[PDB]
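J.: Take a look at the following structure, please.
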Amino acid sequence: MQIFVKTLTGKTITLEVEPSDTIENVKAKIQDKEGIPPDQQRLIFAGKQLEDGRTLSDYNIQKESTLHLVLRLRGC
Amino acid sequence: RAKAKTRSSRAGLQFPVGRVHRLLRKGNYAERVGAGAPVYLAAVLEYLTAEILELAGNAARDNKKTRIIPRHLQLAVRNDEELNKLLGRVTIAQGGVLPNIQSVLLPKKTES
Amino acid sequence: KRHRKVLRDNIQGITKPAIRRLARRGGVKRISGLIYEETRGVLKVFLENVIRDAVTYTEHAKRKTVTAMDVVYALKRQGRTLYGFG
Amino acid sequence: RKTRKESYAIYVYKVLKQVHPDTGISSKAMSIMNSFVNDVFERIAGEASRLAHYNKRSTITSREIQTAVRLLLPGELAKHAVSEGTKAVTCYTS
Amino acid sequence: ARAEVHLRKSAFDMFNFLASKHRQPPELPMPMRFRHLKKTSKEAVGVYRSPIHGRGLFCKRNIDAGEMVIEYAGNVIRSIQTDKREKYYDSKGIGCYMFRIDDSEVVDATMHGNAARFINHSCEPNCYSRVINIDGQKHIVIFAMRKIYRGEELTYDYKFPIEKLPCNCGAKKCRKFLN
Amino acid sequence: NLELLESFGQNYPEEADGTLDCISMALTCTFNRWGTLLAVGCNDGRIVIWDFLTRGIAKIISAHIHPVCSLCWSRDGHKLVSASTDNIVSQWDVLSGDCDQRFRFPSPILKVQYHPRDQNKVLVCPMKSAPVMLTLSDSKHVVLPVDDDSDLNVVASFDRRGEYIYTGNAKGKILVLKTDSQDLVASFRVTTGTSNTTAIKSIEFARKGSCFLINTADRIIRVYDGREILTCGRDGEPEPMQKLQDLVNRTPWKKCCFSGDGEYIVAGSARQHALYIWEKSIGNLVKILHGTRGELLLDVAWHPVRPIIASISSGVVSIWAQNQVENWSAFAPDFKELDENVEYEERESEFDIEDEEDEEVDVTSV
Amino acid sequence: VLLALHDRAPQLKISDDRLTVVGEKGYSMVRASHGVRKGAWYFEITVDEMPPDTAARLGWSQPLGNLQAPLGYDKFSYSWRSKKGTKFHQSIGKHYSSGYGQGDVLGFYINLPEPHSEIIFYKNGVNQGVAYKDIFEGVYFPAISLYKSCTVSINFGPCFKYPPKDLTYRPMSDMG
Ligand SMILES: Nc1ncnc2c1ncn2[C@@H]1O[C@H](CSCC[C@H](N)C(=O)O)[C@@H](O)[C@H]1O
Ligand SMILES: [Zn+2]
C-alpha cells in the first residue's frame, strides 16, 4: 500500500507500506527519509483526526490513497 | 510507562521540585498543597541565588582570585542596597566589615 | 471620571502645635525649627511602610475594605505589636 | 557509610557554572549558601501558611506564594522575582 | 530680512555644540571602583555651553575628595602617527586632541572617544590622574581633589614643562600660558 | 514610510511613554489598515480620532446619543461602520462624517466587520438572534441559519482573505460557511476540558496567513490554523497549534489581538489590568506589563508595522513604545562614541601611500 | 648568537630559543644589533609560515630608527611591499616590480667596498629589482616591519639553504 502524504506545502511523500502497520512504522519511515519530528504526523479521515496510537487497518482506507500531514509542535 | 520528564526540566529550571514538594508536605505548613506552589517557589529561590552569585563572581574576579571565599560574599551583599535590606540582621561568619573611616578623624593641612 | 481625588496637602495637616504637643508628652523642654519638617518626613516614611502591607493583605483576601485585623497583621509583621482591636 | 543528609550543593554548582564559566567556590561559601536558601524557604513558607490560616482556606496555591514574596522582598527585587516565578510556572504548564 | 546681507556665516570650522541650557544649579580596592567608574561616569558629568571658552565639562553629583570621575578613553595610537594625524586634522580644519599615557603610547580623542574630551584648562585645578592596571591594559582615570558642588565646570592641570599659542582660557592666578 | 537606517536593535514594548490626557470616557479602539489613525468612541455617542505621526487629535464626530461600542474601518480608510444600542446600521465618512445609512433594526448589535476586500458586505451580530450579512444600497440581509437557537449568543466573522465565514455559538460548535453561497463545508465541536463544553466569547484573525485565535470562557485561549479546518472539511476534529492560559491567578480574558506579522499575541485581563505578550511559535510568556493598579480594562489594540500598543482603562488610552534612547553620531557621523581602548591597525595602507555615477533615477516616481 | 635583546620590540614573542618570533599588532619593525658597517657579509631569513594580512618589508636600516616605525621613511631605511611590488620610501608611492610568496628563504646582500651600493631584492638568490642607490653614513641593521602574527626565523649558520650564486661574503657566524 503506497500511501501519499501531500501536506499543505506541496510536499508530497510516498511510503509503500503494509495495511497492517502501526503508527511507529510510519514515524520511523518518515524520520528516516526526511528527518521530520514524529510529534506532528497527524492525519485526517473525513474531517476527523487519525489518532496516533492504533494500527492502519483500524480505519479501512482504500489502498494506495492520499493523506495530509500537519506541521505541529507538541513537545515544543 | 511514558517518558520520565522530571519536573525540573519540564518546567525549565535548575532547582528540584520533588524535594520542595516533600518539604512542603512534611513541614506541617498546611493540609493540602497545590501544584503550582513548589514550581513558583523553586523559581524564586533560584533567582535570589543567581542574584547574589553574580555579584560574588564579579568581586571574586575583581580581587584577582579564582574561587569565592566569604569575604567576597560580605562585600557583595553589603555593597548592594536591596540585598543589605533583605539580609538585615545577619552576620556572615569570617565576614569582616566595609572599610569605613569617618570624615573628622583624619588630619588636614592649612599652612604653605 | 466621577472621582475627585486631586489632593496636594495633608502633610501640612499635621499642624504645628501638634508636634510640640507630642514632644511635650515625651518630656522635651526646648525645640528648634527644623524638627517640624524632619518629623513630617519620618511620619510619611512610617505610614508608607505600614499601608503597603495593609493593602497587600486586603488585595490578597479579594476584598475592597481594609478591616482592622489587616492593620494589626501589618503591624505584627513590623514588630510593633498592637493590642485591643481584634 | 553514613545516613543520607539533605544539602543544596549540586544545584548551587549548576547555577554557578551557568552564570560564571570558570569561577569555582569554597566549602564555607557552600555552607553559607545552603543556610541562605534554608532561611528564605522558611520565611516564605511561614508567611504563606499564616495567610492560609487568615483566609479560612486550607491549601497552599501559587497565589499565596506570590503574595508572600511580594510582602517579604523589598521593591524591585520583588518585581523581578514575581516575573521569574510566573514565567517558570507557565513554561511548566504547557 | 532675506534681502539683508548677513555674513556671520562661515568664519570658523564646521563643528558645533552650543545654545544648550547650560545652567543646572546655582551653587575599596582598585578594579571594583573601576567597575563603579564604568557604571556611573555617564550619570556623573555633562558637557554644556561654557562661559569660559565655548563648551566645557560640568558636574552634577556632589563629589567627595578622592573618588573616580571618568575615564578619558578613545582610539589608541603610538608615537609615530602624531605628525601625520596632525597634518591631516590641520588640512581638514579640525582641532587635535591627544593625551599621552607614559613612555609608550598616546590615546586619541578625535575620531573616536567619549564625553571626556571637553575639560578646559586652569591653574587651580580640582582633578588629576594616575596609572592603574586593569589586566595589563593601563588606563587614564580621573580622580578628584576637593568637594566639587553642582554646576561647576571642571578643570585640571596639564603638567606642561614651561617651553605658539597664548592663554585662551583665563584662569585667576594663571601664568598667562599653558606651558 | 519611516527611516530605514533606524534599526539599531529595535524592541518590543517595555515602557509607559505617556498617554492621551485629553478626553476621557473612552469605550473601544481600533486602527486603520496601515496603522496611522485610531477611532475611539466616547460615552455619549461621539468619535475621537487621533493621528499618530503628528501625535495630534485628528477629528471629533458626534454620532448619536447611545454609547458607541463597535467600530471598524474600510479598506481604503474612508467608511466607518458602527452599531450600538441605537439599533441602527450606520455608515460614516472620514472627510465629512455623514449619516449615509440609518436603519433602526432591533436586538442591538455587539460586533460589526466589513468583508476584507469588498466593502459592500458588512457583518451584523445581534443581541440574541443569528448573525446577519448585508449590502450597502438595498436591504438584502442574510441571516445565517443556526441549528441551536438556544444560546441566542452566536459569534461569527470573516477571516483575512474573506474566503469563508467562521461561525460560533455559545455552546462551542463551529459551522464554517462559504462567504457567498453559505456552503457548510466544515464543522467541529470544541474539545473543551475532559468532556464538558464551554461558551465562545469572540474569534479574531491575523494579518499574514491563517493562524487565528479562539477566546472561550474556560480561561483557555486556543490557537488554530484555518488551513487545518480546510484540510479537515466537514466533521473536523482540530487540535490546536498552541493553547494559552494563566492558572496562577486564573484570569478570564477580555480582549485579544495579534501582532502585525502574526508572530506575537497580546491578551488582557478582566481583573488586574495587566497585559501579557506571548510568542506564537515556541509558546511561552515573554513579558508582563502593568499600569494603574486598580482600574478595569476595556479594550486593547496593536500597531501593525511598528511595536506600539494601545490600552483602554478609565477612559485613558495609553501608548507604550520603548522610551527610546538617543545618542551621538546623528549630529556628527564622523565621530562615534566608543567606550574603551579601541585599537586601529588592521588596515595596512598607511605610512604615506599614494596610488596610481551614470544612473538615471526618477524624482517624482512612487 | 641569538635574536636581539636591546634592539627588539619588547612585546614580541622572543621565546626561549630566540630564533623564531610571532608578529605583534603593529608595524613591529624589529632590528638586530648584528648589523653591517662595511665589508662582505650575508645571512638568510628562513621565513617558514606567513598567514594572510601579515606583510613584511625587506631592507637594511640604520640604528637611529624607531622600533614601532615601519621601514622606508628616509635615508635610514628602504622598504617594499609584498603585494603588487610597490616600494614606499621617502613618502613616495611607486608600483615597482614583482612581489614574493609565502615562507620563502629571503635575506638580502649589501656591499660597501672601501659610497657605492649593491641594492637588489634577492628572493631565493634571484634578481627581483634594484631598489635604490648611493647609501649614506651609518651602520646597517636588518629591519623588517613584521605586520601581524607570522612565523619568521633568522638563519645564522654556514649551512646556507639558498646562498647567492658566485657572490662572496664572510659568514655571519663570526661576529657575535
Ligand atoms: N581656556 C581655554 N581657552 C581656549 N583653549 C584652551 C583653554 N584651555 C585649554 N585650551 C586648549 O584648547 C583645548 C581645550 S578642549 C576645549 C573644550 C571643547 N573642545 C570646546 O570646543 O569647547 C585643549 O587642547 C587646550 O590645549
Ligand atoms: Zn591658561
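Going by Swiss-Prot, the residues shown for chain E are 3764-3790, 3814-3949, 3954-3969, listed in order.
Backbone N, Cα and C define each Cβ position, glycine as well.
When I checked Swiss-Prot for this same protein, it listed these features:
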BINDING   E:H3839, E:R3841, E:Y3883, E:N3906, E:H3907, E:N3958  S-adenosyl-L-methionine binding site
BINDING   E:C3909, E:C3957, E:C3959, E:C3964  Zn(2+) binding site
DOMAIN    E:3829-3945  domain 'SET'
MOD_RES   E:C3882  S-methylcysteine
SITE      E:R3765  site 'Important for WDR5-recognition and binding'
J.: Rounding to the nearest whole angstrom, report the longest C-alpha distance spanning E:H3839, E:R3841, E:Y3883, E:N3906, E:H3907, E:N3958, listed for S-adenosyl-L-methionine.
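T.: Largest pairwise Cα separation, rounded: 16 Å.
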J.: Those recorded positions, E:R3765, E:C3957, E:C3964: which ones have a Cβ sitting under 6 Å from ligand 1?
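T.: From E:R3765, E:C3957, E:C3964, counting a Cβ under 6 Å from ligand 1 as near, there are none.
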J.: For the C-alpha pair, I'd like the distance in angstrom between E:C3964 (Zn(2+) binding site) and E:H3839 (S-adenosyl-L-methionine binding site), rounded off.
T.: 16
J.: For the recorded Zn(2+) site, enumerate neighbouring residues of the same chain (Cβ within 8 Å of the Cβ centroid of E:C3909, E:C3957, E:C3959, E:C3964, site residues themselves excluded), in sequence order.
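T.: Same chain, not in E:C3909, E:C3957, E:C3959, E:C3964, Cβ within 8 Å: E:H3907, E:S3908, E:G3960, E:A3961, E:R3965, E:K3966, E:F3967, E:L3968.
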J.: Give the sequence-ordered list of residues that share a chain with E:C3909 (Zn(2+) binding site), lie 6 or more positions from it, and have CB atoms under 8 Å from its CB.
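T.: E:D3943, E:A3961, E:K3962, E:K3963, E:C3964, E:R3965 - these are the non-local Cβ neighbours of E:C3909 (Zn(2+) binding site), listed in sequence order.
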J.: Roughly how many Å separate the Cα of E:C3959 (Zn(2+) binding site) from that of E:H3839 (S-adenosyl-L-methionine binding site), to the nearest whole number?
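T.: Rounded to the nearest whole number, the Cα-Cα distance is 6 Å.
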J.: Could you state the whole-number distance in Å separating the C-alpha atoms of E:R3765 (site 'Important for WDR5-recognition and binding') and E:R3841 (S-adenosyl-L-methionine binding site)?
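T.: Answer for this pair: 30 Å between alpha carbons.
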J.: From E:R3765, E:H3839, E:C3964, which recorded positions have a C-beta atom under 6 Å away from some atom of ligand 2?
T.: E:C3964
J.: Here the binding-site residues are E:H3839, E:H3907; which one has the lowest number of other Cβ atoms no more than 10 Å from its Cβ?
T.: E:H3839
J.: I'd like the number of other C-beta atoms within 10 A of the C-beta of the residue listed as 'S-methylcysteine', please.
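T.: Other Cβ atoms within 10 Å of the residue listed as 'S-methylcysteine': 14.
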J.: Please work out which residue of E:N3906, E:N3958 has the most C-beta neighbours within 10 angstroms of its C-beta, and give that one of the binding-site residues.
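T.: Going through E:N3906, E:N3958 one by one, the largest Cβ count within 10 Å is at E:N3906.
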J.: Across all protein chains in the structure, which of the recorded positions E:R3765, E:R3841 has the highest Cβ count within 10 Å?
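T.: The residue with the most neighbouring Cβ atoms within 10 Å is E:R3841.
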